[PDB]
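1. Structure of the sequence below:
(chains A and B, ligands or ions: 2)
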Amino acid sequence: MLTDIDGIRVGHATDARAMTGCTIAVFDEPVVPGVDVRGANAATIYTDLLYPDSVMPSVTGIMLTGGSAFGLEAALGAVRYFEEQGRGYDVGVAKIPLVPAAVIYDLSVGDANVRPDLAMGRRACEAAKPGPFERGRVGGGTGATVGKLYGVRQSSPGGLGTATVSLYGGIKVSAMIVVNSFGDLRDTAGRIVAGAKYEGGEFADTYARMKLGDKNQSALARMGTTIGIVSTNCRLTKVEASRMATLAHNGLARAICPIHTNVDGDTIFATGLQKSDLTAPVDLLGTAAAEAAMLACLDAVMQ
Amino acid sequence: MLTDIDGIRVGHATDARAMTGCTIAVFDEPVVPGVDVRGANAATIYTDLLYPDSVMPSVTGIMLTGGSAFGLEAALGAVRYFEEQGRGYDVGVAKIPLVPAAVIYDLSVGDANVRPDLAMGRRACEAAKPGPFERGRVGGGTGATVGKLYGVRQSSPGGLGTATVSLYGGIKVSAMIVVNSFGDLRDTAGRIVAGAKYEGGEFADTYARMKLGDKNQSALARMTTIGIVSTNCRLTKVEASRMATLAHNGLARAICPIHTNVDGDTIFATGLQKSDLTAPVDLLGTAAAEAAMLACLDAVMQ
Ligand code: NA
Ligand code: NA
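-> Numbering: from 1, shown residues only, chains lettered A, B, ... in the order given. Ligands and ions are numbered 1, 2, ... in the order given. Let me share the structure:
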């Protein structure tokens, strides 16, 4: 539960008829951010300010949205909302908020013509609150599917999931993940819990079938996604937040196979607090971020 | 003149009262893209698909826009326009256009409350045409300034410029640059032509003043030059990204300081997917540097 971390509120906007939506994490306490874009087909906005050799931005929130490339318009909706509320970097003549975002492709379920837009991004911001939030097919996970080797028609439902890992000394690492993976999702024993299905409903085993020669028939296959946020209540430097984002992908690798494919836009954002007493080695935090991400992947499909 | 390269149209949308705008390069022939974001304060959209290890996207156009972070909305306005015209990658249930973009900060001149938006991005696409285009304080260069050590009040006008370099065998490399640099612009002799001014009126020499201890008082200081270089050669993705990287050498020759903590300096590069012209990428990149440097000067000679 991402809101276990100080200062974070989460809001969804959900369109259950079109099967799309967006989710925003809003930061009421200043954060130090990082990012790792590992998939080969990602669409994002504002990620350059999240690398270690860029200046320290003022990140107002981070958004996970559907709508493919179109859905980044909801991030601009959030930017406009935050400016009206008086948040963002103060340049005297204006305040400039920043809402980095990454997308999934969810246009092949429901209505392809409806995508998160300026208004939907505002709605998610308005709805953002502390405490527990809903998981499953809501917000950015509304139109998510898993296991697209044979097309969306033989896929399993995806979703939005969350988990918190507790360490010593009050340290926490939490994740919030939208699972829309090309590949199958497995538990810790290696059983398939969501994935590509044969016509009658048994799991095919995507990787096994690909080794035998079955070819990718998903909508994006002709050009040659799991997105999420990992957050800690530790203080981080920019270099450490980017290292945490990099290590968190290991958790995706343990749950999802194949992962980081040519049709995946896999992206992890990471945050720590600018002002906190708590510190810990980044390799430990990163390992816990991997565990949190893995658990959040499973959460997405059991809710 | 960027439209010297096959298939490119350029459109501006200009608000001369608010002192902002945006410019789009539209690609009617398919391109191979690359990018190099070198400044430490850049705001961009869709750049991940432009690196060599990403799949080959279908770039519909590239936008250079004012409005700081707000101005990326104009890119989505262009995406909406192109979808209505039936352009973009075909997924059966829809067509998905892609309009990568980078911004300058132009809120401290004119009206801070007006920025390129959905409507303005569409207007730039509507205006896009072949042949010569206007340069100076137009489109994405409308609100551009150069030399902000002492703030915008002691700056020089910037703008949008373009240049074409001709090589052997019909090869061309062209650039289109918006100069909004923190630093000063020098000509090829090394004279300051645009830059920070003392109150008493002369160019201060930004770098010299910084070495003496003068502190950056620009609006972003508590925490740009953007452009496109294009060739009629066929490139791979790796080569287009190398061309973008080498083009920054041209910015370094014209502008000083460059790639600062207040600069969002970004170069996009394109080659043609279908072309019979090839040349070594280190030569093309050197030419891209020359074109970029000449375009920087062009921006202020208008
Ligand atoms: Na996807
Ligand atoms: Na700028």
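2. residues from the stretch 1-150 of chain A in reach of chain B?
-> A:37, A:40-49, A:53-57, A:68-70, A:72-73, A:76, A:79-80, A:83, A:89, A:91-94, A:96-98, A:105, A:107-108, A:112-113, A:118 (CB under 8 Å from any CB of the partner chain). All C-beta atoms are positioned from the backbone trio N, CA, C, and that covers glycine.
3. From the residues you listed, which land in helices?
-> A:73, A:76, A:79, A:80, A:83, A:118 (DSSP state H).
4. okay, now residue A:266: neighbour count?
-> If you count neighbours by other CB atoms under 10 Å in any protein chain shown, residue A:266 ends up with 26.
5. Show me which residues of chain A are close to ligand 1?
-> A:104, A:105, A:180, A:225 (CB under 5 Å from the ion).
6. Looking at the stretch 1-150 of chain A, what residue ends up closest to ligand 1?
-> residue A:105 (3.6 Å; CB to the ion).
7. Tell me how many other residues surround that residue.
-> 28.
8. close enough to count as contact, it and residue A:225?
-> Yes: between residue A:105 and residue A:225 a contact is recorded at 6.7 Å, counting by CB atoms under 8 Å.
9. Need the residues touching each of the two.
-> Contact criterion CB atoms under 8 Å, 6 or more residues apart in numbering or on different chains; residues shared by residue A:105 and residue A:225: A:180, A:265.
10. quick revisit: out of the ones in helices among the residues of the stretch 1-150 of chain A next to chain B, which comes closest to ligand 2?
-> residue A:79 (17.3 Å).
11. Correct me if wrong: that closest one contacts residue A:97.
-> Yes: look at residue A:79 against residue A:97 with CB under 8 Å: they come within range, at 5.2 Å.
12. and the longest strand anywhere in chain A, what does it pack onto?
-> Identified as the longest strand of chain A according to DSSP state E is strand A:226-235. On a contact count with 3 or more CB pairs under 8 Å, 6 or more residues apart in numbering or on different chains; DSSP states H and E, strand A:226-235 meets strand A:61-65, strand A:172-179, helix A:238-255, strand A:267-273, helix A:282-302.
13. Going by neighbour count, which residues of the last one are buried?
-> By neighbour count with 16 or more other CB atoms under 10 Å in any protein chain shown, helix A:282-302 contains the buried residues A:282, A:285-301.
14. Report the entries of the residues you listed that also contact ligand 2.
-> Counting by CB under 5 Å from the ion, no member of the buried residues of helix A:282-302 is near ligand 2.
15. What ranges does the stretch 51-200 of chain A have for its strands?
-> A:61-65, A:89-90, A:95-96, A:101-103, A:145-146, A:156-157, A:159-166, A:172-179, A:184-186, A:192-194 (DSSP state E, counting those that start in this stretch).
16. Mean neighbour count added to those, as CSV?
-> Shown next, in CSV, are the strands of the stretch 51-200 of chain A (neighbours: other CB atoms under 10 Å in any protein chain shown):
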stretch, mean neighbour count
strand A:61-65, 32
strand A:89-90, 16
strand A:95-96, 20
strand A:101-103, 31
strand A:145-146, 27
strand A:156-157, 20
strand A:159-166, 23
strand A:172-179, 30
strand A:184-186, 24
strand A:192-194, 20
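17. Kindly report the residues of chain A close to ligand 2.
-> By the rule CB under 5 Å from the ion, no part of chain A lies against ligand 2.
18. So what does the closest residue to residue A:221 other than its chain neighbours have for phi and psi?
-> Once flanking residues are discounted, residue A:221 sits nearest to residue A:263: 6.1 Å by CB to CB, 6 or more residues apart in numbering or on different chains. Main-chain torsions, residue A:263, degrees, to the nearest 10: phi -110, psi 0.
19. How many neighbouring residues does residue A:263 have?
-> A total of 23 residues lie near residue A:263 under the criterion other CB under 10 Å.
20. do the same with residue A:29
-> Residue A:29, neighbours per other CB under 10 Å, totals 14.
21. who's in contact with the residue lying closest to it once chain neighbours are set aside?
-> Nearest non-adjacent residue to residue A:29, counting by CB to CB, 6+ apart: residue A:7, 3.0 Å away. Shown in contact with residue A:7 (CB under 8 Å, 6+ apart): A:27, A:28, A:29, A:31, A:273.
22. Buried subset of these, written for ChimeraX?
-> This is how ChimeraX selects the buried members of the contacts of residue A:7, with burial counted by 16+ other CB under 10 Å:
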select /A:27,31,273
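23. hmm, which of the residues of the stretch 1-150 of chain A next to chain B are the buried ones?
-> A:37, A:40-49, A:54-55, A:57, A:68-70, A:72-73, A:76, A:79-80, A:83, A:89, A:91, A:94, A:96-98, A:105, A:107-108, A:112, A:118.
24. Over to residue A:21. Which of the three states is it?
-> strand (DSSP: H, G, I helix; E, B strand; the rest coil).
25. Residues in a beta bridge with it, which ones?
-> residue A:14 (DSSP bridges).
26. same thing with the one 5 residues further on?
-> Here residue A:26 shows beta-bridge partners residue A:9, residue A:61, assigned using DSSP bridges.
27. That one reaches residue A:10, doesn't it?
-> Yes: under the criterion of CB under 8 Å, residue A:26 makes contact with residue A:10 at 7.4 Å.
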